[PDB]
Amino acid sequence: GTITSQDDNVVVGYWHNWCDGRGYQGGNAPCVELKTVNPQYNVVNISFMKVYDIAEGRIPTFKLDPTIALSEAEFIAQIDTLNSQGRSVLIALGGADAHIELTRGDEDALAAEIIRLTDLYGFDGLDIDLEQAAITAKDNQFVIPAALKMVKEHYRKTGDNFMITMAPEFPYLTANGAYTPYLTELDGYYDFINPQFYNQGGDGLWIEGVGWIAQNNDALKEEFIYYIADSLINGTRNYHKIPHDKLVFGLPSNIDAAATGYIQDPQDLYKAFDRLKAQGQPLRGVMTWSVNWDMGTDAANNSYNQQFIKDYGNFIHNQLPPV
C-alpha cells in the first residue's frame, strides 16, 4: 500500500514470527495475530527478515510462519488495519541465526527484495537488528546501508517516508564501535535508533561523583538510563552521537524476555526521562522486546498481563511532540 510514517513519539514493539518461544525464567511467549497487539504500540516490528534456506541463496526474505494459522491475505489486511489506525509495521532484518553474509554487489538484489516485500505486505520501513556475528560479516557494513539508500530514494519519488530504524546492542555505540558504519552511512536517512539496553550484563559507564554504573544494577537504574542517554545525545563519554529526537530507549518487557536489563521500578525511567526533558533534550520514546512477551506467561502460567505497555504507554504518548 502506501507508507504510514510516524512524526510523533513512539512505543515500539517486536512481533514474533514463531509460536511458543521459551523464556529466560521458564516462561512462554505465544504467537498472536497483529489485530490483538495493544494499540499503544504505534510501531510494530515483524521479526524477522532472514535467510530461510541456503538453497535460495544469500539474499534474505520474509515467509509468514504457517504455525501461526493466519493466511497471507488476512495478515496483509491486519497490517492495513494498523495503518488505518495510523500505526506503522516494519520488517526487522536480522535476529539470531539469520545467516546474513552479503557480498559487495548484493545491494541491488537486497533493495529489490525489500521493495517487493514492502509492496506485497504493505510494510512501512525496515529495522536493522543484526546479531553480533552479522554486524561485521563479509560486506554487511557496506551492502546493507547501500541497499537502504536505494529503497529510501525509491519511495521519495512518490512523496513517501520509508522508515529506517536500528536496534544495536549499546556497547557497539562507542566512538568508532562496530555499529558506527551503519549510523554514519545512513545519517540523514534513518528515522530513529532504538538501542538494546539489555542482555549486556555488567557493561555500563563511569560517572564522577557516582562511580561505576552497570546495565544490570537495579539499585542504580535511574542513573544508568539518564547518563547513558545523556552520553548518546551529547556525544560525550566516548559514545557516538545520536540526536535526542531520534533516540528511543530499548528495554525487555519482563524478566522472561531477556537475561538482564528489566526495570523493576518504572519510576526510575519516568524520572530519568524528565531530567532529559528538562535539560531541553526529551527522548523520542521507548521500545520493547517484545509484544509477544508482554502478552505471555511466566513459568507457573500466570499472565504478564501487558505490564510493560501499562507502565509506559500513557507516559510516552502524553509527552509533547518532537521538533
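For every residue, the number given is its place in the sequence shown, counted from 1. Basically, rigid core = biggest C-alpha set you can superpose within 1.5 Å across the two forms.
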Core-superposed comparison in 5 other deposited structures of this protein: bigger Cα RMS shift among 47 to 55 and 285 to 293 is in 47 to 55
Greater mean Cα temperature factor according to the PDB record, 150 to 158 or 248 to 256
150 to 158
Per the entry, where is the mean C-alpha temperature factor higher: 173 to 181 or 190 to 198?
173 to 181
Between 45, 67, 42, 288, which carries the biggest CA temperature factor in the record?
67
Candidate set 92, 167, 76, 164 [ranked by C-alpha B-factor, highest]
76
Which third of the chain holds residue 222 when residues are ordered by C-alpha B factor: lowest, middle or highest?
middle
Among the modelled residues of this chain, does the Cα B factor of residue 269 put it in the lowest, middle or highest third?
lowest
Going by the CA temperature factor in the PDB record, which third of the chain does residue 310 belong to: lowest, middle or highest?
middle
Among all modelled residues of this chain, ranked by Cα B factor, put residue 303 in the bottom, middle or top third, i.e. lowest, middle or highest.
lowest
Within this chain, which third does the Cα B-factor at residue 31 fall in: lowest, middle or highest?
highest
